[PDB]
Each structure stands twice: as structure tokens, then as C-alpha cells.
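The chain below stands alone, shown as C-alpha cells; this is the form deposited in one PDB entry.
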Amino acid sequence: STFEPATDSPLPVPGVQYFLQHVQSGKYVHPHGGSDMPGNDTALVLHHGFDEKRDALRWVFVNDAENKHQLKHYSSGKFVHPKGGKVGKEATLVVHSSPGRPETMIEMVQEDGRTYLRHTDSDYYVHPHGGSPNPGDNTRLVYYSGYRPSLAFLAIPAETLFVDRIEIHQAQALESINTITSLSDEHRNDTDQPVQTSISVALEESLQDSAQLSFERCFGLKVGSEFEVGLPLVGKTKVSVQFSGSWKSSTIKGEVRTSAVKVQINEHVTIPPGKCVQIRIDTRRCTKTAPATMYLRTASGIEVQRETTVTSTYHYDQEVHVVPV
């Protein structure tokens, strides 16, 4: 299915760079005038303009002991304040070189399946001035009571992270074992002497290993085209998995490069006269689900975290028997 920004918008991770997009208009959040160093009391506006290389369009959510629920302009380090210093009806959002306070708190929230910018501990949300679902370029953003779907924002990741590790939460780590039983053709010796007979089985489709990372909305982070992580696909022993997807994916597919079992079976069986045999392959499959924490690093080595669900199918043991028919 196609990425649907209204149902799939991720909640931003604090300390990571984001672009902010007004979903209904597709316009981005800019400082008015587009400077990398906006002046104090410069309004936040919506503008169709977009360039991934423009640091002036990057925003960072902050939530720490010194800055509780605040929003920072990346290129300037200025915070997003209500003009005049307290949230109220039609208070313009501005950048200002001063720390946030309780009466300036701003965060992205999920309400009825969409993400909005909200003044924490209030019913004031971020609206375009005039309330249009399709505001004109340079329309200022304001605080106003209540929300409606046309006010939704999408936080688009604006930097590339490294996936350092994924740690499974074993308290909810569930393994189901299933035997996959595969039979060759019947081979009969219709001669009057014992015959050594070549019997082959192809199991590629049956014994496909896989792993997936799943998210309720979407991964929401950029980590490059592929990344490798060790995952405990059966018991505690880590297996190398290569994942590839996009920040927009709700399921990131992983490849297991090293198979633990055989997918081509070639047996040489002595069949007595008049007798018929088959090769029987029994392959143990571990289907595993576990909540997990992804640990990612910024280029400067700041650690952030993302919850996921790890699902995997792994064929880990195999037996081959000659069975009579």
C-alpha cells in the first residue's frame, strides 16, 4: 500500500532533525524570509518551497530536564515561542533566542489517528492564521483552541542515522516451532539386483528465512538503503540480518544471508530388488515475535531510540531419512 501521510505520520524522536509539512496543503514550515539565522520574533510560516539541503527548514523536538516539550530551529538554535511569551488565542509562533517555559510548550501529538502540533497542558493547537485547509505562501502559524484534520503535520526525517543495535524484550519474546516435512518422488528398483539410486529434493521456496521490523504508523527514520543487525532468530544466538526499506515503510523486510540448513538435498540410496523408498526431509522452523528497542546514532554519535516489533522465520535444524513406501 502507498504511504498515506494522515494515517502513517510518525511521532518525531526528540533530538533528530525533521522537516515539518502541513499535510493538507503540502506546504512546509519555514521561518519567514527563509534565513538560516532568523531574527528574534520572526514568524513561522507555511511555504510551498522545499530543498532537502536547506538547514533553515530543519526543526528539532527537545524534551529534557532543561527544556521540557519545546521545539528548536536547527540552523539558528532558537526556540519556537508564542509571540509575547505566552500561548493564547491567535498568538503567532515565532523563533526566539531564549529557552522555552511551561507557557511555551509545543509537541507533536497523535489525536484520532493524525499528528498535530499542540501546546502541552492546553487545548491550543497550531493553526494557519485564517484557518484555510490550503493556506497561501507566507501564511503565519498561530495558536488557536481545538483541532480538526486539516491542521495535521507530518514530521519528515531530515538526517540519516546509523542503526547500532536492536535489543529484543525477552519478557514478550514468543517462539513457535513447526516441522516442515518434504518428500522426494517414490524410487522403485524394478531390477533383480540392489541398485544405488540418486534421489534429489529442491526446498528453496519451503525453507525461505525472513525477518521484518514492523511499526503501527511507519519507521519514521532515515538509515540509508540497507543496514545489518544481529538478531536472536532461535534462542539467544544472534544471526546477521540485512534490512532495506524507507522511513515511510510500516514493515522493513530483512534477508538472512547465511542459511543454517540445506535447500538442495542429494542422497545416494541402495534400494533392494522390488523395493520402493522416498527421502523424507524434516526441517525445524522457528517463527518468532518480540517487541524490541532500536538504538540509532546521529553522525556526531548522539544515541536515540525507536520501539519496533521483530518478526522472523528461521530454519535452524534439518534431518534426512530414507523411508519405505
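Rigid core (definition): largest C-alpha set, two forms, superposition within 1.5 Å. In this text, residue numbers run from 1 along the sequence as written.
The deposited model assigns a higher average Cα B-factor to 309-317 than to the other stretch when 20-28 and 309-317 are compared. Taking only CA atoms, the mean B-factor in the PDB entry is higher for 232-240 than for the other of 158-166 and 232-240. Each of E107, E103, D137, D112 has a CA temperature factor in the record; the biggest one is found at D112.
For the set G39, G49, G33, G274, the maximum C-alpha B-factor listed in the entry falls on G274. Per the PDB record, residue ranking by Cα B-factor puts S145 in the lowest third of the chain. Among all modelled residues in this chain, the alpha-carbon of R285 has a temperature factor (C-alpha) in the middle third.
Annotation for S122: C-alpha temperature factor in the lowest third relative to the rest of the modelled chain, per the entry. In the PDB entry, a CA B factor belonging to the middle third of its chain's modelled residues is recorded for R54. In the PDB entry, a CA B factor belonging to the lowest third of its chain's modelled residues is recorded for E90.
Another form exists, deposited in another entry; not displayed. Remarks below refer to it.
Only one entry in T42, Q278, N67, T287 has its C-alpha moved by 2 angstroms or more between the shown form and the other one when the rigid core is superposed, and that entry is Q278.
Core-aligned CA deviation for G136 between the shown form and the other one: less than 2 Å. Relative to the superposed core, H268 shifts its CA atom by 2 Å or more between the shown form and the other one. Superposition on the rigid core between the shown form and the other one places the CA atom of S225 less than 2 Å from its counterpart.
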